[PDB]
Amino acid sequence: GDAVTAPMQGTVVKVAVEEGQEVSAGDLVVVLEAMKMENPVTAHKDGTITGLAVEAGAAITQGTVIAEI
Amino acid sequence: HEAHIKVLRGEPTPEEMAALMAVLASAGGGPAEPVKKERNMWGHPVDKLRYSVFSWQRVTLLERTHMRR
Amino acid sequence: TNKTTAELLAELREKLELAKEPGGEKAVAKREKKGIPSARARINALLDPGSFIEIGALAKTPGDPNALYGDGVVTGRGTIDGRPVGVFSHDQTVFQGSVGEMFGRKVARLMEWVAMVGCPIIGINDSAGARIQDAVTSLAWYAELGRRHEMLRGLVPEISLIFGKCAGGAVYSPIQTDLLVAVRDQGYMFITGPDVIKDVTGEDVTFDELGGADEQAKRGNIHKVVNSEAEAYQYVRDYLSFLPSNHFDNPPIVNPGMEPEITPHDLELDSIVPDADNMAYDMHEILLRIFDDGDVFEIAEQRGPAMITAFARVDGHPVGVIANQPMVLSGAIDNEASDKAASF
Amino acid sequence: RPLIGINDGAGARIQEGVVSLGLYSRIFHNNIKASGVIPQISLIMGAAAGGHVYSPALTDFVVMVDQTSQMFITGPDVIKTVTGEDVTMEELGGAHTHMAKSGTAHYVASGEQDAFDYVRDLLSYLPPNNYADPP
Amino acid sequence: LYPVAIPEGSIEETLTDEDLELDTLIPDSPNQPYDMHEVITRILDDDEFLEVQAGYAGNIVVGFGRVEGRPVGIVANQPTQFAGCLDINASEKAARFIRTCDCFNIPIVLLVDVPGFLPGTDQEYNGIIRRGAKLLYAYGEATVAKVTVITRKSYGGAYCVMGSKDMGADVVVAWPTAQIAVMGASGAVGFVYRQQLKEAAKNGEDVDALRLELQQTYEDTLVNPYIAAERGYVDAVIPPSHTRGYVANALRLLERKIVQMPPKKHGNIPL
Amino acid sequence: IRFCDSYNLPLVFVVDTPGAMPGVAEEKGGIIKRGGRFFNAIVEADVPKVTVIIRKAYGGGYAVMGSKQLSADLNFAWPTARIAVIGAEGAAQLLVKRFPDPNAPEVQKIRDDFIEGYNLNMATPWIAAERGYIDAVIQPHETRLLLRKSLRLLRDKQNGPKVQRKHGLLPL
Ligand SMILES: CCC/C=C/C=C/C/C=C/CCCCCCCCCC(=O)SCCNC(=O)CCNC(=O)[C@H](O)C(C)(C)COP(=O)(O)OP(=O)(O)OC[C@H]1O[C@@H](n2cnc3c(N)ncnc32)[C@H](O)[C@@H]1OP(=O)(O)O
Ligand SMILES: CCC(=O)SCCNC(=O)CCNC(=O)[C@H](O)C(C)(C)COP(=O)(O)OP(=O)(O)OC[C@H]1O[C@@H](n2cnc3c(N)ncnc32)[C@H](O)[C@@H]1OP(=O)(O)O
Ligand SMILES: *C(=O)CCCC[C@@H]1SC[C@@H]2NC(=O)N[C@@H]21
């Protein structure tokens, strides 16, 4: 759907996007440190980064919306 | 050279002997005709198994099961 | 705190080059003073150039700080004349080549490999005594190795090269194999050495009289005796050139269809047998003429020499030839001629 | 002949190296070879953790004890660390959980003698192997 | 088969630059993931990989390719998805793929980079015990050629599941970056030194720095391929670029495997 | 052993041997190939194989007399068993080959101290038991009923995996 969502509970160590940025499918959107892996989370479709809902350093819970696209 | 019944303690009278033997003879339940049963290998389990083309069990299980008599 | 992928790969390359000479210079010195080649150099000389893939080069005796890589044997796979073979080679620089736990497990893994792939196995044996610091482990692993011949006997061709004093328990694995080739004055094979014979039974006996290559060939424990390791390698290549890779597959067909007409060499046979029945002659003068060429490859020449057991080819297909030798003992079938023919 | 395993152990012995993982691999491989050849029954009579769970899973019948026994791959402390979920070891791996939810247990005995009675009843229907005639 | 112009010489003599690209592929930090397709497409011929079921259980990649013209089934952990942990769905995906290959004599190659099974109560309640054992059964039953390449992590029960040697992997090779251990050093030190971490806690010492020191000592001692190579559970530790040569050799030799399993009508795989 | 295997008789081994007999006459007599045939027959046989070790089981004697390594099914030892590569006197002589001045007074002392230590610590049941090379150490009186229980268990033994083929070759 119209949501990039956190696949697991983790600590945001990077947000790779800006509000209003155009992103292609497969673009990196965030990095979550979880399970001792800096997991990339990527845009599942072409779109525009809107409603971005992360900032660096925060722990975020599984299923949290990270951005709309 | 047969194994006989033995009475180890006391002596019964002939009447008590007859009653003892008569009830034990009645307790002698069974087929009334114990003989080697008819062989019928149709659908025997050993035919159902998968044997590798080179499996030694083709000798020591399958064949011996069929040929043993 | 954490080494980079480049540093880890450089460590690997250094560790592999160390594991190519686990004994270090202190054992290299004694090996080269004895003038014998290394266990890997022997494999490299036997196999086709660069074909060798080594299995378990970094194995070590478990839990022992003293352990050295390889545990005393080099094991792996390659090709001879482009055909797969398994090979193992004892390495007397590590624990004298004594049979340890990981030695056993490595050779057992190789035997299971060649039994699964269905290809010949060559064992280059030169020492495999009990490991003095843990001899009852060697006792267990001699038997664990002996058992896995159950997978190989009559399924894949087995070869033993006897390049040293094969003594004690070390004899009972080679003697299961199909072909033993020994190097003269270098290969020896015996259960109980001269010293233990002397002090248990009083007899005097030299290594040659006890179990030298020529003696064990005449006794029929060795199938070939050669003057050098290179001759042993070539004899193995020739032997394998008459055989399939396993019980199931076909042998190679070499030079089929030659000489389809009656030749002068055929017509020479009409007069080869001498006129008088008391005469004798070398049977090779017949054998060299009745098969496709002179490639009559003889096996166990010295055992029961009244009998010839050889490979030959007919229309390019290999055959086993059993022939009497009137040149020796009038061709009577002695004890060893009988058992030689039965085995072949 | 049938094989009964009574399982009760904290997984691999951590001070021993990967050798424990080699032996676990060989145990699983034998349960797979025997699978469909002989009746394999697993009793679970304590906390089976980590490697100790896949062998029962590969056997034919798993019998558990109501609240004395548990099975789980990953312990509660690791689940808490990764996912935040507080769970008791009984709620995570209890016999009631593996009966009602996971479907891994075949019987939940009230006690160890009841478990043995169920294992004897089970064996009473099965042949000793896939080619013997049944009783 | 396709006929292929196979080069001649040793493996190290016959390396392509596309092979040398493997030597630098693994990131220097063990927290960094990489796309396993970067390995798969380099070991397969022509980069040509037919991925099967690509959109499901992305933590494991499975599919077909060719090595020197011989078809192979790749199964490979995917570090970018759930850190490569095995879960229920990946286990069923890989079990069905491995059994489909073994039915049709297609050999299988595992590329292993798994930290363990995915934690969570919902995995237990959905039956990870019952359903992960499907991948154990499928791999142990498979009698086609099975080659394992270990590329970083292979831990715990997931080491057993991802084609360990005693599960009958015919060739197991490990890259220098492999990490084979019972469990992560953070937990292992928290177990094997829980004694000394009591003594230090009673002494009021900097137990956090002591944990870091013990964890470093454990990682430097044991979290490497060499302990498994020493046990002979890894047949060789190899430069990553040798991977294609070792696979091609194994799959050429094991084209017929003379192996068998005890007679049965069929097995009893967990369902 | 080959005859018993052909007619499916279970095999019971009752070991008490120092192994192969040393001597040049025995070497010339073929002891390597004859022993290799004995080793071949024990591994080839498919019948149930049970072993009881009494007293000495040294070296090739241990191996060939139905060791577990050579495919024996169940292995028992009486507490008198002595399992080793070589007997104490042979190990002592192998040590006295070094500093070999057997006329000396002290060497005949350290010999006996070594033999005492070797017969207490090495040539015993206990290393084979703790390593699991033998399955039980038993009171001697148990043997008859233990053999009944064992061969009843093994009654249906199927040997495998084995690859069927024309035949297995043997030293000849
Ligand atoms: C359907 C198809 C089915 C078919 C399937 C069928 C197939 C299945 C088949 C199945 C087959 C079953 C296989 C079962 C295997 C047999 C069981 C094995 C166990 C034994 O049965 S038993 C082990 C072996 N073991 C001893 O006995 C110790 C007692 N022993 C002896 O019985 C002898 O005597 C002898 C010869 C062995 C000992 O020989 P030596 O004493 O080792 O030799 P040496 O002293 O001359 O030289 C070396 C020593 O001296 C030092 N040394 C001298 N010179 C130099 C120098 N120049 N430079 C450096 N160091 C030197 C050095 O340190 C070293 O030390 P160390 O003494 O080796 O530790
Ligand atoms: C396949 C690889 C794997 O699965 S790695 C498995 C790692 N497992 C653990 O870390 C278990 C730690 N907690 C546990 O004790 C066990 O999980 C369970 C089943 C809960 C038992 O708990 P409980 O009955 O309270 O025992 P406890 O914690 O008091 O420990 C008692 C003694 O057991 C020992 N123990 C336990 N597990 C292991 C193990 N895996 N390796 C080595 N030792 C182990 C403890 O060290 C302790 O020893 P001691 O009695 O304190 O001397
Ligand atoms: C790290 O801080 C310890 C917790 C993470 C443990 C990882 S998660 C994925 C693997 N599965 C498991 O049980 N432990 C491993």
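For the range E:190-197, state whether one or more residues are away from ligand 2 (no atom under 15 Å from the Cβ), closer than 21 Å to D:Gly17 by Cβ and more than 9 Å from every other protein chain (Cβ to nearest Cβ).
no
Restricting to the range C:195-206, give me the number of residues that are closer than 16 Å to F:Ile32 by Cα and of a type outside the set (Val, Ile, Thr).
0
Can you spot a residue in the range C:127-147 that is acidic (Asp, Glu) and within 26 Å of C:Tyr235 (Cα to Cα)?
No, because not a single residue in the range C:127-147 is acidic (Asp, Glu) and within 26 Å of C:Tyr235 (Cα to Cα).
In the range F:1-105, which helices (runs of 4 or more DSSP H) lie fully inside it and hold 1 or more residues that are among the polar types (S, T, N, Q), within 13 Å of ligand 1 (Cβ to nearest atom) and within 21 Å of C:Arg131 (Cβ to Cβ)? Let's see the steps before the verdict.
Working: elements: F:2-6, F:24-28, F:31-44, F:59-64, F:88-96.
Answer list for the range F:1-105: F:88-96.
Here are B:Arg58, B:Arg39: which of them is within 14 Å of chain F (Cβ to nearest Cβ), under 30 Å from F:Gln158 (Cα atoms) and either outside any helix (DSSP H, G or I) or of a type in the set (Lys, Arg) (or both)?
B:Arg58
If you go through the range C:62-79, how many residues are polar (S, T, N, Q) and surrounded by fewer than 22 Cβ atoms within 10 Å (Cβ to Cβ)?
Within the range C:62-79, residues that are polar (S, T, N, Q) and surrounded by fewer than 22 Cβ atoms within 10 Å (Cβ to Cβ) number 2.
Please determine, by comparing only the residues of the range C:1-48 that are β-branched (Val, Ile, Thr), out of contact with any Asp or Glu (no Cβ under 7 Å at 6 or more places or on another chain) and within 14 Å of another protein chain (Cβ to nearest Cβ), which one is surrounded by the fewest Cβ atoms within 10 Å (Cβ to Cβ). Before the answer, list the steps.
In the first step, residues of the range C:1-48 are kept if they are β-branched (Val, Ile, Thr); the result is C:1, C:4-5, C:28, C:36, C:43.
Okay, now just the ones that are also out of contact with any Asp or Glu (no Cβ under 7 Å at 6 or more places or on another chain), so C:1, C:36, C:43.
Remaining after also requiring within 14 Å of another protein chain (Cβ to nearest Cβ): C:1, C:43.
Numbers: C:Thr1: 6, C:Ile43: 22.
The extreme case among them is C:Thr1.
Just one of E:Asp23, E:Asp35, E:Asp28 is within 30 Å of C:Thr1 (Cβ to Cβ) and in a helix (DSSP H, G or I); which is it?
Exactly one residue qualifies, and that residue is E:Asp23.
Can C:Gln133 be described as surrounded by fewer than 21 Cβ atoms within 10 Å (Cβ to Cβ), at positive phi and more than 16 Å from ligand 2 (Cβ to nearest atom)?
Criteria not met by C:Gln133.
Looking at C:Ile124, is it more than 16 Å from ligand 3 (Cβ to nearest atom), outside any loop (DSSP other than H, G, I, E, B), of a type in the set (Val, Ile, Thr) and touching a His at 6+ places or on another chain (Cβ under 9 Å)?
Yes.
Would you point out the residue of the range F:149-158, among those that are more than 17 Å from D:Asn130 (Cβ to Cβ) and surrounded by 15 or more Cβ atoms within 10 Å (Cβ to Cβ), that is nearest to ligand 1 (Cβ to nearest atom)?
For the range F:149-158, the residue satisfying everything is F:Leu154.
For C:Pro251, all conditions in the list (1) assigned to a loop (DSSP other than H, G, I, E, B); (2) more than 15 Å from C:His317 (Cβ to Cβ); (3) under 24 Å from the mean Cα position of the chain (by Cα) hold save one; what is the number of the exception?
Here C:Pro251 meets the rest and fails (2).
Restricting the first residue to the range F:19-32 and requiring it to be within 7 Å of chain C (Cβ to nearest Cβ), which pairs with a second residue that is of a type in the set (S, T, N, Q) meet a Cβ separation below 7 Å and a spacing of at least six or different chains?
Every condition considered, the pairs that remain are F:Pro22/C:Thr192; F:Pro22/C:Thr201; F:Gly23/C:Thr201; F:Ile32/C:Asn221.
Looking only at the range D:118-135, filter to residues that are more than 10 Å from every other protein chain (Cβ to nearest Cβ), within 18 Å of D:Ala34 (Cβ to Cβ) and touching a strand residue (DSSP E or B) at 6+ places or on another chain (Cβ under 8 Å); which one of those is surrounded by the fewest Cβ atoms within 10 Å (Cβ to Cβ)?
Of everything passing the filter in the range D:118-135, D:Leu123 is surrounded by the fewest Cβ atoms within 10 Å (Cβ to Cβ).
Among the residues of the range C:8-35, write down those that are among the small types (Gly, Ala, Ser) and part of a helix (DSSP H, G or I).
C:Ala10, C:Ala19, C:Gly24, C:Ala27, C:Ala29 - these are the residues of the range C:8-35 that are among the small types (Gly, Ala, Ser) and part of a helix (DSSP H, G or I).
Just to be sure, is C:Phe242 farther than 16 Å from C:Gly164 by Cβ and either hydrophobic (A, V, I, L, M, F, W, C) or in contact with a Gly (Cβ under 7 Å, 6 or more places away or on another chain) (or both)?
So C:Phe242 passes the test.
Just one of C:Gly154, C:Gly164, C:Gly168 is over 16 Å from C:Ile299 (Cβ atoms) and more than 10 Å from chain F (Cβ to nearest Cβ); which is it?
Every option except C:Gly164 fails the conditions.
Working only within the range B:42-55, note down all residues that are in a loop (DSSP other than H, G, I, E, B) and either of a type in the set (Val, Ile, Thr) or more than 8 Å from every other protein chain (Cβ to nearest Cβ) (or both).
Step one: of the range B:42-55, the residues in a loop (DSSP other than H, G, I, E, B) are B:42-44, B:49, B:51-54.
The answer is B:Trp42, B:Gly43, B:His44, B:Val53.
Let's see how each residue does on (1) over 22 Å from the mean Cα position of the chain (by Cα); (2) more than 14 Å from chain B (Cβ to nearest Cβ):
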site	(1), (2)
F:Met122	no, yes
F:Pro125	no, yes
F:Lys149	yes, yes
F:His167	yes, no
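Considering the range F:134-151 alone, what residues qualify as being in contact with a helix residue (DSSP H, G or I) (Cβ under 7 Å, 6 or more places away or on another chain) and closer than 16 Å to F:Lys49 by Cα? Don't jump to the end; show me each part of the working.
The first filter runs over the range F:134-151 and keeps only residues in contact with a helix residue (DSSP H, G or I) (Cβ under 7 Å, 6 or more places away or on another chain), leaving F:134, F:137-138.
Answer for the range F:134-151, where residues must be in contact with a helix residue (DSSP H, G or I) (Cβ under 7 Å, 6 or more places away or on another chain) and closer than 16 Å to F:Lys49 by Cα: just F:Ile134.
Test of understanding: among E:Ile43, E:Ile11, which residue is under 30 Å from C:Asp48 (Cβ atoms) and crowded, with 22+ Cβ neighbours inside 10 Å?
Within the list E:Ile43, E:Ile11, the selection yields E:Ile43.
Could we say that F:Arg131 is closer than 29 Å to C:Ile175 by Cα, surrounded by fewer than 17 Cβ atoms within 10 Å (Cβ to Cβ) and touching a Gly at 6+ places or on another chain (Cβ under 6 Å) here?
Spelling it out, it is not the case that F:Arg131 is closer than 29 Å to C:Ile175 by Cα, surrounded by fewer than 17 Cβ atoms within 10 Å (Cβ to Cβ) and touching a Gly at 6+ places or on another chain (Cβ under 6 Å).
Identify, please: which residue in the range F:33-76 is at positive phi and within 10 Å of another protein chain (Cβ to nearest Cβ) and is, among those, farthest from ligand 3 (Cβ to nearest atom)?
Applying the filter and picking the extreme gives F:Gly59.
Answer yes or no as to whether E:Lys165 is more than 24 Å from E:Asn249 (Cβ to Cβ) and basic (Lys, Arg).
No, not satisfied.
Go through the range E:158-174 residue by residue and tally those that are within 16 Å of ligand 3 (Cβ to nearest atom) and over 30 Å from B:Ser52 (Cβ atoms).
1
Restricting to the range E:72-83, count the residues that are within 14 Å of ligand 3 (Cβ to nearest atom) and either within 8 Å of chain A (Cβ to nearest Cβ) or farther than 14 Å from E:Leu110 by Cα (or both).
4
Which pairs have Cβ atoms under 7 Å, sit 6 or more apart or on different chains, and link a residue in the range C:89-103 that is closer than 21 Å to C:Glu229 by Cα to one that is away from ligand 1 (no atom under 15 Å from the Cβ) and part of a helix (DSSP H, G or I)?
As it stands, the answer is C:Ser89/C:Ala39; C:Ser89/C:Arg42; C:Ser89/C:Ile43; C:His90/C:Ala39; C:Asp91/C:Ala39, since those pairs meet every condition given.
Do we find that C:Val114 is among the hydrophobic types (A, V, I, L, M, F, W, C) and either within 19 Å of C:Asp71 (Cβ to Cβ) or within 10 Å of ligand 1 (Cβ to nearest atom) (or both) in this structure?
Spelling it out, it is not the case that C:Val114 is among the hydrophobic types (A, V, I, L, M, F, W, C) and either within 19 Å of C:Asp71 (Cβ to Cβ) or within 10 Å of ligand 1 (Cβ to nearest atom) (or both).
Using ideal geometry, Cβ is built from the backbone for each residue, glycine included, and neighbour counts are taken over all protein chains shown. Since every read-out is calculated from the coordinates, none of them should be taken as a lab result.
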